[PDB]
Amino acid sequence: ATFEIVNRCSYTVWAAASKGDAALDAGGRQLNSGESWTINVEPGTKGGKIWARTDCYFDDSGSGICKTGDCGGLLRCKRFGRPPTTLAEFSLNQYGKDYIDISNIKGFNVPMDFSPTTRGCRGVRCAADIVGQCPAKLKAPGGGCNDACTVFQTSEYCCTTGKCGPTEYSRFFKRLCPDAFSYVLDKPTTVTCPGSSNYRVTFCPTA
């Protein structure tokens with residue numbers, strides 16, 4: 001499957017793409033404002049994620065640090081990133097269908113649109129000013145708005161027992177972005193697409 005990753009933000013982002021135990025394609029790249037990066041993701045990939053990292057510094061060997069979404073200090077991510085990270089999530093060719101969603105379960109750093117470039121389904125977006133409206137306790141100094149599980153590490157926010165409910169914090173993400181997962185047991189906002197669809201992930205789709 002092909003994914004075109006577009007940075008429409010006025011600032012540079014370092015895109016990342018991983019399935020948790022391996023990079024997807026190159027795994028990461030710098031995207032200046034307006035740049036597009038096309039990646040190929042193997043059919044049948046389960047649990048893939050794409051996210052943006054902000055305020056990165058990398059040396060000649062691709063080692064460094066980002067203020068949001070750092071994946072063990074690598075430019076080319078092999079693992080998932082440190083919250084806060086708005087996430088584009090996908091599982092491809094699962095019994096003839098692709099499943100896509102946007103998640104705020106690991107917080108929010110950059111607004112995003114995740115849409116198919118092929119026919120058969122709709123896209124999802126979370127483009128509200130979550131960082132600007134972020135509750136004081138969830139604000140991340142490096143930038144972004146953390147989820148409550150990252151901040152407080154309780155069974156209720158992390159849904160550790162598999163029984164949790166919405167919270168004051170999850171309702172904040174849900175009010176601003178109804179089409180994104182706000183907590184582990186949220187009513188699914190997953191979109192089913194035809195198997196082998198192609199997609200575009202756009203950072204800052206409105207601004």
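Rule-based calculations on the coordinates, nothing more; no lab input. Counting neighbours? That spans all protein chains shown, and the Cβs are built from the backbone with ideal geometry, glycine included.
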request  = Quick one: check the C-alpha center-to-center distance for the range 59-75 versus the range 89-112, whole angstrom.
outcome  = 23 Å
request  = Among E35, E168, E42, rank each residue by its count of other Cβ atoms within 10 Å, from fewest to most, as a rough exposure measure.
outcome  = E168, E42, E35
task = Please give every one of the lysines within straight-line cross-link reach of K67, meaning a C-alpha to C-alpha distance under 22 Å, and leave out same-chain neighbours fewer than 8 residues apart.
result = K19, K49, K78, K106, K137, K139
task = Sort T192, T86, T150 so the one with the fewest other Cβ atoms within 10 Å of its own Cβ comes first.
result = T192, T150, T86
request  = Give me the Kirkwood hydrodynamic radius of the range 37-91, using the inverse of the mean 1/r over all pairs of distinct Cα atoms, in Å to one decimal.
outcome  = 12.1 Å
request  = For the range 155-207 and the range 1-17, compute the distance between their C-alpha centroids and round to whole Å.
outcome  = 20 Å
query = When the Cα atoms of the chain are enclosed in a convex hull and the volume is divided per residue, what value in Å³ results?
reply = 115 Å³
